[PDB]
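Q: My questions all concern the structure below.
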Amino acid sequence: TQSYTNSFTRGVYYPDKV
Amino acid sequence: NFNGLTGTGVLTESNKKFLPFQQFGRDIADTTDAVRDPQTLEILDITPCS
């Protein structure tokens with residue numbers, strides 16, 4: 001069910017249009 | 001002026017790979033070096049005037 005993996009590189013996006 | 005971004009220079013039509021979410025381009029020195037046409041998709045490099 002609800003396990004817990006770490007967020008390796010998960011968690012970055014693009015805050016720009018540059 | 002294209003989409004509120006004013007300036008002065010010479011356009012030279014580059015083939016810079018702008019992605020769909022990219023409308024402006026800034027160089028290593030945080031200086032504008034390329035832009036997209038708000039109407040068409042041509043990528044024009046803003047080169048400096050004489």
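Ordered as shown in the structure tokens, chains take letters A, B, and onward, while each chain numbers its residues from 1 and ligands are numbered from 1 in the order shown.
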Need to verify the contact set: segment 1-16 of chain A, 12 Å, only C-alpha atoms, exclusion of same-chain residues closer than 2 positions in sequence. Can you return it as a list in words?

A: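 Here the qualifying residues turn out to be residues 18 of chain A; 19, 21, 22, 23, 24, 25 and 26 of chain B.
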
Q: So that I can check the surroundings of residue 16 of chain B, please list as a list in words every protein, DNA and RNA residue that reaches within 9 Å of it, counting only C-alpha atoms and ignoring chain neighbours fewer than 5 positions away.

A: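 So, after excluding close chain neighbours, the residues are residues 34, 43, 44 and 45 of chain B.
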
Q: If you measure from atom CA of residue 28 of chain B to atom CA of residue 40 of chain B, what distance in Å do you get, rounded to one decimal?

A: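 Between atom CA of residue 28 of chain B and atom CA of residue 40 of chain B the gap works out to 26.0 Å.
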
Q: Please indicate the distance in Å from atom CA of residue 20 of chain B to atom CA of residue 48 of chain B, rounded to one decimal place.

A: 25.6 Å

Q: With distances taken over only C-alpha atoms, which residue among B:17, B:29, B:9, B:1 lies nearest residue 41 of chain B?

A: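 Distance minimum relative to residue 41 of chain B lands on B:17.
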
Q: Apply DSSP to the structure's backbone, then extract all residues of segment 4-41 of chain B labelled strand (DSSP E or B) and return them as a list in words.

A: residues 10, 11, 24, 25, 26, 32, 33, 34, 35 and 36 of chain B

Q: Go through B:32, B:50, B:14, B:3 one by one, measure the shortest atom-to-atom distance of each to chain A using only C-alpha atoms, and give the residue with the smallest value.

A: B:32

Q: At what distance in Å, to one decimal, does atom CA of residue 31 of chain B lie from atom CA of residue 13 of chain B?

A: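 These two atoms are separated by 17.4 Å.
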